[PDB]
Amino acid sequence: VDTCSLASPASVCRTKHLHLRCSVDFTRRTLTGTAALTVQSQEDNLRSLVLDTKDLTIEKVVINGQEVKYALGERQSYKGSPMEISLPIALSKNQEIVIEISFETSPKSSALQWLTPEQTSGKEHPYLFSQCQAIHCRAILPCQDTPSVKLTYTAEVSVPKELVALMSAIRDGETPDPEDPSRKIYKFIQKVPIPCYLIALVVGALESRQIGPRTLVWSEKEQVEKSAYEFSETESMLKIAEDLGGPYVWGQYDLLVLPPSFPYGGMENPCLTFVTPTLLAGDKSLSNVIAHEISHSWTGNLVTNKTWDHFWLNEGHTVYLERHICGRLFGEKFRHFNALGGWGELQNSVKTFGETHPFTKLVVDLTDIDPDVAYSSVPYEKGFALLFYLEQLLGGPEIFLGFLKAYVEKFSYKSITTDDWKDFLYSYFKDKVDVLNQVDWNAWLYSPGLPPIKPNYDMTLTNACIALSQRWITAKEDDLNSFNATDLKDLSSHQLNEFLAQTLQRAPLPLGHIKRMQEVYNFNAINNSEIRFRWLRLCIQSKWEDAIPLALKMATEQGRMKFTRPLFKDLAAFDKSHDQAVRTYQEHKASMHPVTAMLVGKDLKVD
């Protein structure tokens, strides 16, 4: 039972293919067209089925060349409205038919952000991008919007001829639109079956540059050179990921660098990973996000969570592979450093929700929960922690990597649950069942809070971060003189970030301490997004008024939720900035990403 979908389940019928023919209208902010779903009955005498929709206008539904009856049910909040279609002829088990639905999206589509020219780098052309995970594909087109169903797709997209369309698919040519010479039709084919949350579309003034044998970077012209350099390690990471996961099956691995309002670090859309421009640090230091997106090409896109309750399967395993890629490139002490950092982020998330809160469970129950409200670091880091604990229990990283590869092989092209994963774990490790039975499975999988056991972490690279953080926290006024720029001499950017993360966990610090930190370290000068984020949070929580304009600027000039939500929440909690935070949100709300607008509004208690 997928409790996030109103459509007929996979036990009733299954979509095998989508053919999407649509046109992008920037004047109306609508996508208009036809979705032809090839559907296979899983039942005898099948006479109707139900699809998910959200803010879609349906013109007609055509089967065997004739219009058929359909009905849209009442809207069920964030789940949208179920669409029941009456089949003209009853279907036998395994029979396939094609259902062509003519539809139009709403400008308010929660899957889409429509950008005006002034919101882009070039200032001349508008821009459109989608983001369907978890349950927003239904806000683009009618579908069984559940990751328990996998389908191939083809698409033809008409756009203004001056712009470029790209999708999560192999590019299959372009031509002028025979209905309109002011437009072009771009074509696409995705021959590997995918869950519908991986469908993606971008339209804008895009240019490309080759950066490896199977990778182009795409962005607006003004970001192409910087992006090519920032992500130059991509092919080396793909080669490592293939060694760990098995063959890369998707053909191309392209990267799209979105405008700053993209709400996430990355989205693993097949053939075309989407990433935030906040990765453009200038030194490749945020490349773990690329390693993460790469890893999803196996864990998530090949082996897929059957329902969103089991999202940790996607994320825990991807973070586990991510950290192995970074360990291969930069050493095992670095893998441990990042693993221990991840535990810190888990501590933060658990403290934020509360240690008994149901969103801190590894396996969640999303019945009547909007997935976007539950989303956090928990499935990532509690999931990673479980796998890291199992690695240490079962004999180390090379042994556990053997399991990961066998797991990917076993469940490729399938959708699975936590119980499927555990069953296979027990099968693979049959000779170590006695060790597996020592694990507190109920606690790890189904209890809220921090896990019942913390893994063992090498501390080598973390020690200096902790030492400096503790110096600052224990400092009194007469100790402040002792701090100096040379304190940071032997710290990498990763360590500076960890120093700030450690210190932020104990915030507020005294205002005089934070002023001294700026005097001697000049953190205001650093434009690395992760470091600047934590520094500004530290300043605002410690009640430094000078930081108010800096934090408001960062909160609004980009829209990655990891940064924008906590910055607004901190600014709201600071009496001196509270009214500015609310006013700034109100003024920007109409031009924000729809999901980000909703979540910041909820965080600020502004309706």
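When you see a residue number, it is the position in the sequence shown, counting from 1.
> With respect to the recorded C-alpha B factors, which stretch has the higher mean value, 118-126 or 231-239?
For C-alpha atoms only, the mean B-factor is higher in 118-126.
> Quick one: higher average CA temperature factor, 340-348 or 376-384?
In the deposited entry, the stretch with the higher C-alpha B-factor mean is 340-348.
> Maximum C-alpha temperature factor per the entry, among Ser261, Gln210, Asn301, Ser77, belongs to which one?
In this record, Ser77 carries the highest C-alpha B-factor of the candidates.
> Return the residue from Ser542, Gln66, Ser41, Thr556 that has the highest Cα B-factor in the entry.
The listed residue with the largest C-alpha B-factor is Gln66.
> Is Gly245 in the lowest, middle or highest third of its chain when residues are ranked by C-alpha B-factor?
Middle third - that is where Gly245 ends up once the chain's C-alpha B-factors are sorted.
> For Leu567, does the deposited CA B-factor place it in the lowest, middle or highest third of the chain?
Within its chain, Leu567 is a lowest-third residue by C-alpha B-factor, going by the deposited values.
> Which third, lowest, middle or highest, does the CA B-factor of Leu31 fall in along this chain?
As the PDB entry reports it, the C-alpha B-factor of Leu31 lands in the highest third of its chain.
> Could you say whether, by C-alpha temperature factor, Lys405 belongs to the lowest, middle or highest third of its chain?
Middle third of the chain for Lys405's C-alpha B-factor.
> Within this chain's modelled residues, let me know which third the CA B factor of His17 belongs to: lowest, middle or highest.
For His17, the deposited C-alpha B-factor lands in the lowest third.
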